[PDB]
4 protein chains.
Amino acid sequence: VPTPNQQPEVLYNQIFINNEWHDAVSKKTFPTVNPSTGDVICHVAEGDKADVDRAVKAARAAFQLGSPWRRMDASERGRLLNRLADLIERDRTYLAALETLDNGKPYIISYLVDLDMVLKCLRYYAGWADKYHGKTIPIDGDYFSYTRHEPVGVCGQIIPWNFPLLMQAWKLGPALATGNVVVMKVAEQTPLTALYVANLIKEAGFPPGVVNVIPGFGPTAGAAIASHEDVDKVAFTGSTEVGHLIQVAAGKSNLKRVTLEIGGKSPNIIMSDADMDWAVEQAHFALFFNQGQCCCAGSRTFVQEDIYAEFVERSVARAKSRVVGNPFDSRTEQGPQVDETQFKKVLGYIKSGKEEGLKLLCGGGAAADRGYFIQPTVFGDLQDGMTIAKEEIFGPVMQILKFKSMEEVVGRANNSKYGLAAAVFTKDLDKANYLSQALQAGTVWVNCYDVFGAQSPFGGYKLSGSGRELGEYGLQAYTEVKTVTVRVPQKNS
Amino acid sequence: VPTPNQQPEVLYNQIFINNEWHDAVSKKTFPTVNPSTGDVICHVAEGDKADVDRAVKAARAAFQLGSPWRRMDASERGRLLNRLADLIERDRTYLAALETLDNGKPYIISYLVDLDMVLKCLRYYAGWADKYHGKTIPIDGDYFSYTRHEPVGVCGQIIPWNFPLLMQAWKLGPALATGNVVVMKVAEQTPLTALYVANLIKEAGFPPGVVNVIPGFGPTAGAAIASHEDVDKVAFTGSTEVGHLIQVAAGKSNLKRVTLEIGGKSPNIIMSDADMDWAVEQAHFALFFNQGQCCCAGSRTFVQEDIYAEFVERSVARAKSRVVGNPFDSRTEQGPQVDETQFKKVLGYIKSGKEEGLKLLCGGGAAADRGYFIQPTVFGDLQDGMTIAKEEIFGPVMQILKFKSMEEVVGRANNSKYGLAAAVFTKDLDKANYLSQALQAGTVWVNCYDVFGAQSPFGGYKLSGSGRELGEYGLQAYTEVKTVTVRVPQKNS
Amino acid sequence: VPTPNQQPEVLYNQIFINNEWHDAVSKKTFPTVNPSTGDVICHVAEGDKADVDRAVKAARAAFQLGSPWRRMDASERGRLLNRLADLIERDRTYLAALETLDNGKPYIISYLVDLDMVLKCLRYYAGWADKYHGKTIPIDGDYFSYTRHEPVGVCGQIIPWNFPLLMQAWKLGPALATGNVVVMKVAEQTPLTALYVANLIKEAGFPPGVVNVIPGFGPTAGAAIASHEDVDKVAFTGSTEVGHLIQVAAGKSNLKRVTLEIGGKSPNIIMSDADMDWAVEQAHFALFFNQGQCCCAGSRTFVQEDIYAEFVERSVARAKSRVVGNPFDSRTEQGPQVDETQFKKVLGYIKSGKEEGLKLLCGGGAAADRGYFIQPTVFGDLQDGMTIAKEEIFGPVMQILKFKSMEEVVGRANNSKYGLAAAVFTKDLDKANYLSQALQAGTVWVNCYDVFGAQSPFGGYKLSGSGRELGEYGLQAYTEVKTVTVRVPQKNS
Amino acid sequence: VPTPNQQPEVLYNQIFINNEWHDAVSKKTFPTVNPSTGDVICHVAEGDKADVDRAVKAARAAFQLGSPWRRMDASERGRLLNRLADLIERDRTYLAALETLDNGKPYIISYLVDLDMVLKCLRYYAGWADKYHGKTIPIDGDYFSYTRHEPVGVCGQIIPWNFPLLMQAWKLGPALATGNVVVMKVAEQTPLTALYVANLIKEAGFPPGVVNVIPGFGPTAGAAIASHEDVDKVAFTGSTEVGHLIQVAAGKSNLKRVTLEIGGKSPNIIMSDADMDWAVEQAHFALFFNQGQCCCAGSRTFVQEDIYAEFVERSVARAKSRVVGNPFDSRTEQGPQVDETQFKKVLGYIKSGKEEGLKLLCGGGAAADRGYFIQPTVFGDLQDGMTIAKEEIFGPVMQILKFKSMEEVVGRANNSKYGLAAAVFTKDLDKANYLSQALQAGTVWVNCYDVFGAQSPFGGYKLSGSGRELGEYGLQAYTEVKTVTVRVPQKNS
Ligand SMILES: NC(=O)c1ccc[n+]([C@@H]2O[C@H](COP(=O)([O-])OP(=O)(O)OC[C@H]3O[C@@H](n4cnc5c(N)ncnc54)[C@H](O)[C@@H]3O)[C@@H](O)[C@H]2O)c1
Ligand SMILES: [Sm+3]
Ligand SMILES: [Sm+3]
Ligand SMILES: [Sm+3]
Ligand SMILES: [Sm+3]
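- Structure determination for this entry is recorded as X-ray crystallography, at 2.75 Å resolution.

The following block contains the structure:
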């Protein structure tokens, strides 16, 4: 991994509309902070409804029948998505460092994980551009019926701050591959990298208006997109709380298509026959990954009684060794929580757990006096009714529950409003299969966790979402089907 | 066509839950009227939230992992759907007669069109039960990734009164084929036929709880389903106005999946090289079909100037010959409008058109003093800004507009909030191709209209809906994808 | 199971062409024998090239563009396939008894297994008729490219005698569902049942010429189809030896499409962790099923040393209790071998095994002096180089080999020219996964054997075939793709 | 178009096996000639059975389970294909020049057409690598059935000389995208470019043994692959004559999978309402393109009598202006015929036509005394029974036939053993629709010709082939389906 620049230059910090950078109509700006220090990195333009409106107009124009983007070859769309990937790889070290600076996650991770996954995502959807065929349908009568899978139109895409570059990639990949136009609202906590990529979009040769990126706040620029009378589809990734708002906004207005990838409280079921060493390390990763700031985190580790104590002993030991520190330090495994708000938020949960009567196995407190660092906390002997066993903590706080039978664990694991993911650690074939099928989750990892693939769909089962976001499934939400039934002289098979 | 019984006996008039008939919790009932006479056919149980809740519980139970329906083989689901089809065909004369008595549409149509389309739909989806495969995905790393296309859960389906039996079949086919459970709310204006088929479902051998039919009112039983914390998905077909409500209800509550098949103001573009005889008859059919009570009706007939006068003269002549009368009379082409409220509503539009300054070419008034009959009205020389040229009349009121160029007609045709369908009559290949691609509609009929096929998707492009309802596409909304990524010792191609 | 008629009346015994029964052009006939007695059931007309040519002519005519069959709705094709299934079910008792009478297999099997699987197959493909869509392709340039999945043409289908009715159904289902015409050659050992179904085809309402069934001999009628200048595609199921002949014939002549489903030597790998009770019973079933006359039979039972002795002991015990007798007796598990030729052939193999130096664990000799009955033989301590461990015996002769490691078993199991199927019995997830992927077989059963599903494909990996025969895959070989690229004034997404 | 090097350096002229260049086992070589001069470009190694065997071994090893290639991620396969495309583009000018030097086609065409199509094809299939999913099948009973789309194995691919680089790309694209290994036999008349790309494969980072290129002769190296006991599948593109041989070879040997892309005699139907200017130029292109050396050339131009005379007059004038000359001259439209053998072969046909009694409208003779140049010949008033109207000329010799009705032209156009392509020029929608469905051709071009797209399949209907070569269809032939049915404790929907 290339040596990063612990202070990457911030080259772009405005609103990107029509391959041009401009300030907010109000000239307002908001600060972005480096979570590791608490110092302001720079000031980004504060987009609002006016800027959203301007962007939507730009996007609508770019989507007009006969525009370069509409007329462009599907193959060339894939070409552009690949060119974008190339530029991103060219600037891999810069983007990784900027990501870590803006987000807090370990540089090594931003580089080897995030950027790799961004590249693999864009490159994956570049190949889908000219392969998402429609169908010729054998209708009754003397007709020739077929379907056109055309773009849904102007797509509003709102993303969170946990995986800035990646969440952007997840949205842009299928949207652009299907020939859609975009008006994206990036998280105010981490806007720096998306803006840089926005410029790479221009450099890649994307037609003006195709991708519009607007930095700003939620109920401001985000809501402006959600209830816009000219945004055809909205893709939202964030809190379940805001998810409700997004959906309600669509109903009250444009009646635009909605897809939501939201919160979770994923159960991590460990059976007695599970390989301990593996089950332990993966259980650690499943929850602490990305400062515990992951939607599909295994927030409820259900360990079978026969191995509970042992597992617990090992989980605590691993949490005890987990190195928290400067994101840029090669040996730092845990960086700071994205921001103070999230910092105090997490601590509030640690407080709740202790108060509701939980076995605090690892120190639940700040790890430093400067950045927003929190100690890898592990709570033992959890009860389903406890807040920390119900609510998404989104911080390095592990919950370890004990179960006896599978009949029992299935019911318990499924007893949640969330249903984004789950995992099963077992050596037995039948137990793996039975559980996979019984768990009401968008993704069930067997003998592993957090395994993401551009080719495999991701999504929620209940209040954790609707619609899938990767693979061929990711193209569906970005397609408007058109049936054309033509009368023919005489139909034949 | 078998001679019907002008007065079919109403055998079922209660709430169907768990293969059993019960009265409403409140014991309240509401009358159902025969639009041809204005007399009450009988009184149906008035379902409300309480009944909806009891139906949802029955549905949830039927969906329980390990229940007969869950464990049932996909093939047997197809068997049950076919069995249902057979029983419906067995009772074809009865159901067509009852349909006509409760709805108003001509008996010949109920029999040859509706009932035929009902059978073709169910029989089509019976074949999909065991064929909607999931996928094995070539993911990166040593894993085995695949997807499970599982049922979405408890499906709430709300249908209108224009095609009672058909709208029900449109909903039940894909829902049942995919292994889902149903809580259906039937239109208060025409509940009788749905209830009969409800019992046929029991007789077919469908497990109790799988399909629950609730007769009642909209803001009552309908809203109860839309905002239910235990209904996983809602499928709505009705007005765009109510559609907003359905979507907002979902966001404020369960965040359930939503699909909307709503209103329209479909344009019927007639080019000068169109075969007159055909273009005229089909343009007549396009708007007057089913008492003009059709979502995708060609409510805006744009005739190219070069043939405008001639076309209009023939349109009016055709309207003048259109026989309005007793739906049971074999020569009756037009029955009465579903109910007085719709009656008064249609006349209100004829009034608007006149006042807005339109060429009333065919008498716009009642056609009788008994039932709810209205004269096949034809308005000529319409202007896009006129209400009747903007709003969905849903009655036998034809609007004929004139255009010069295609560039112009494309823009005008597309100038609408709706986008459910459209059609183009031409002998020219390039004009057919160009327009079909240019019209923002879920269905574009070329040289025909109202051609529906169980195998071809149907849906709206803007405020006319979201999601498709037929063909393979009709299965999507009823599927919940599950990605199972299993770690393997060593992956190989 | 309905009490059969020990002596079913043979109603049809000629050549079926154009919904009509006629004798062979030569008026020749050949006898069909009841293997349980050795007595002639009746005499069937002997078709040859002359009759095949007449049939092909009939088929070609029925395939003419504009014929009722070509113009027929895809849904109607499905309707006809369903009608055929219904009639077959109506005559289930008769067909089962006739099957047993002419084949030898136990009546209970013919009824509960064969006939059920025939119904399930036809019913499955009925649903495929109107669902095998083509595609609209997003080609570069101003074009509208799409594909038509049309019938391949005149299909010659040659079947074996092991599962008469079933093999017929496997061929007819996909052929007719895709709109093709048929020229079928039925096994001279068991032509009776196929002929009866042939007439049910007529009764179902199938257009004349669409399905032509020709009873006769191999190098006679079979070869006549194989090298016919007007047969578009040949589907063969038989011996690997004849398979070579069929493909060579195609290349020599019409260059028609070829698919072969041939012989096997399927390995059954039982690992130490396997549940004995089940592994032993399924291992018994995997080999002895249908008088050991099954292409995918587990002809090489590789038992892991740690449980070899124990396993063998039980295999033998089960072999010893295996009831061989009158197919019509409820207690009969094993009927006679199809015919004398196969009887002597099987005995030859038992002879071989003994001479090759094998542990004869169960008597390898005739079980009666009347019909063609053979004692369920079990050979222990087999060596890969032994003929009985190499060649397809096709009789109740069990081979039990011993293995130590997976690495070793994989290589050994794969060391065969055949590759039709394999099975793995384990409780371990990783072993199941690893083996499934490592075994070069068209079907790998895990913890079960001979599990067939109309929805899952079946086929060979090497000298055991080419192409798949069930599920959606079974439609491929019966489809001819046509790309239509039309010039459009202006292409848009 | 960059100025080429009229004498590009030949850097590679040996056999490529294991990313290494070696001479033939016999040390024999054969000359490769420049058709424009008749002078020898250089000497290439003459591969034979021995070298094929060597290559097969290399490929077999590269395909071993656990190999870098077998273990490689499908995405990485796509990455390698894209890497190869980049290297090919990097050397576009060199490759174009070398292609022209060894083939004879105009440099401008090699550059803007051939190389462009080469890049487009490879880049297209790069995207397929991780997208050709298998499926999870809803089988009956307590099982989990799914399919694995695995590589077929060692693929032998034999290509002709008309589009050297492109034919290679058509084979390599799907083969490599699906994870297969290759043993390719390149045309003795034009081996130079394939060999250079062979080295670029090495440079791209492809594992050794994955692609082996062998220059040599047909009945020698070609047949050695066709009848190899270890080549799992053979893909052939060449003459129908040799096609028979290839298929026969497969049947006599390994029983390997076969796909043939062979000769044609495509009809070009021009209706009276066809735009003359366009129909005339397209008709010219359709036959003369690539020195008339194109499999799907419109060698039977059926002009509707009403426009016959006029069309012919225009066709002749066009042929009369067609510039034949030095392939490297910007003004050259027609280069020399690949080789003397083909040169005399074409002249033989011109002699035939004259003798058969045809209207020689344009000089049917050599165009120069140096290279292999032939004058753009046009024969008028052709009769279906004439040799030149039946046999593939494969040179610049146009056949113009006259027809009266559609019914007539359909039957005539279809009266051929070939069925590779066809075209229809009409302004009428119904005529276009009717004919497209009526013509038995793998591709029917409407108002255009020779329009190829990596996304749309190409193939023959009769003696012109079997199987398709582009789009998703191109992956089918390179996939081996494996059904894995696992027993599960309890199956649920
Ligand atoms: N893959 C499968 O689906 C499948 C299924 C069942 C059986 N089989 C295989 O079939 C064989 C058992 O059946 P069989 O003894 O009847 O096979 P067989 O080769 O002797 O003959 C089978 C069919 O082909 C015909 N035929 C025979 N010789 C012919 C020739 N020279 N040219 C053209 N047609 C000819 C026969 O008359 C009969 O109709 C075994 O190899 C078994 O494994 C395969
Ligand atoms: Sm927030
Ligand atoms: Sm209402
Ligand atoms: Sm034989
Ligand atoms: Sm040759």
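### Structural notes on the domain arrangement of chain A
How large an interface is tends to be reported as the accessible area lost when its parts come together.
Residues and elements named next belong to chain A.
Okay, step 1: As assigned here, chain A comprises domain 1 (1-263) and domain 2 (264-453).
Okay, step 2: Using C-alpha coordinates to define each centre, domain 1 is positioned 30 Å away from domain 2.
Okay, step 3: Between domain 1 and domain 2, the contact holds 31 residues from the first and 29 residues from the second.
Okay, step 4: Around 2200 Å² of area is buried between domain 1 and domain 2 when both sides are counted, 63% of it from carbon and sulfur atoms.
Okay, step 5: Taken together, the connections running from domain 1 to domain 2 amount to 1 salt bridge.
Okay, step 6: The residue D39 makes a salt bridge to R370 at a minimum N-O spacing of 2.7 Å.
Okay, step 7: Summed over the shared surface of domain 1 and domain 2, the result is 4 residue pairs in polar contact.
Okay, step 8: Broken down by secondary-structure element, the contributors of at least two residues to the side of domain 1 that touches domain 2 are α4 (92-103) and α5 (107-126).
Okay, step 9: Among the residues making up the side of domain 1 that touches domain 2, the classes are represented as 15 nonpolar, 13 polar and 3 charged.

### Details of the site of ligand 1
Residue and element names in this part refer to chain C.
Okay, step 1: Within the structure, ligand 1 sits among 29 residues, and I159, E188, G238, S239 and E392 are positioned closest to it.
Okay, step 2: Contacts to ligand 1 include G218, whose backbone N or O atom sits 3.3 Å from an oxygen atom.
Okay, step 3: Between an oxygen atom of ligand 1 and a main-chain N or O atom of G238, the distance comes to 2.9 Å.
Okay, step 4: When isolated, ligand 1 has an accessible area of 840 Å², and the protein chains bury 90% of it.
Okay, step 5: By residue number, the principal contributor to the shell around ligand 1 is helix α8 (residues 218-226), which donates 4 residues.

### Some details on the relation of the copies chain D and chain C
Okay, step 1: The two copies are related by a screw operation: chain D maps onto chain C through 180° of rotation and 0.0 Å of translation along the axis, at an RMSD of 0.1 Å. The superposition of one copy onto the other is thereby described by a two-fold rotation axis. The C-alpha atom lying nearest the rotation axis in chain D is that of D:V248; the distance is 2.3 Å.
Okay, step 2: Counting the interface residues of chain D, we find that 96% of their copies in chain C are interface residues as well, pointing to one common contact surface.

Thresholds applied
Residues numbered from 1 in each chain as written, not as in the entry; some residues may be left out. Chains lettered and ligands numbered in written order. Heavy atoms only, no water. Domains from an automatic or database assignment. Contact = heavy atoms within 4.5 Å. Buried area = accessible area lost by both parts, 1.4 Å probe. Salt bridge = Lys/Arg side-chain N within 4 Å of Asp/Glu carboxyl O. Polar contact = N/O pair within 3.5 Å; in protein donor to acceptor, adjacent residues only side chain to side chain. Helix = DSSP H or I, 4+ residues; strand = E, 2+ residues; numbered from the N terminus. Nonpolar A, V, L, I, M, F, W, Y, C, P; charged D, E, K, R; others polar. Near = heavy atom within 4 Å. Areas by Shrake-Rupley, 256 points an atom, 1.4 Å probe, with all protein chains shown as cover. Least-squares fit on C-alpha atoms.

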